[PDB]
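One chain follows as structure tokens, the form deposited without the partner chain.
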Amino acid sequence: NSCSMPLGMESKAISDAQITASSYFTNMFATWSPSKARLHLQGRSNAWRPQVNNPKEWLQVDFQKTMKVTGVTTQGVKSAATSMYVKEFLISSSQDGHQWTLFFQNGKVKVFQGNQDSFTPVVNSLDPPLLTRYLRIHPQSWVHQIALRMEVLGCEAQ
């Protein structure tokens, strides 16, 4: 129970450089960049959104070391009056950036059940816990548009 602390998305101990994505939506007034994918961030473009909405987009955190990951927390966003949130997602991970592993639950790729609105954070436990350096989230279903603010829960790999 001693390995459930936020690893730094909300606090910015995970720096902007550490968060990347397949793509992200940007125009003259908005940058829905990967580094906006931070739990409870407020503002005009306060979430990651991919450039196009499709099930092959992804958001990635690089912890810059191997960490013990025991949960992921996700949250949608509101763009003015429009609610946008991910309902279902997959996770993949890597210790070196070369070899990736899809997150399985007892022999089957786990489909995580995510958000049901644009504001409530949903915590998804990872059992078994992940010892990883890169963590990728793969949205599979969503309401209106893909949008993510997140936190990673865990501890150092000691």
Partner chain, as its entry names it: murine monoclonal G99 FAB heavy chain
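Residue numbers count along the first chain shown, from 1.
Not on display, but discussed next: the form deposited with the partner chain bound.
For the chain shown alone, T101 is a contact residue for the partner chain in the bound PDB entry, at least one non-hydrogen atom being within 4.5 angstroms. In the bound PDB entry, no heavy atom of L131 sits within 4.5 Å of the partner chain. Under a 4.5 angstroms non-hydrogen atom cutoff, the partner chain in the bound PDB entry has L90 among its neighbouring residues. Under a 4.5 angstroms non-hydrogen atom cutoff, the partner chain in the bound PDB entry has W58 among its neighbouring residues. Residues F104, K108, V109, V111 are the ones in 104 to 129 with at least one heavy atom within 4.5 Å of the partner chain in the bound PDB entry, listed in sequence order.
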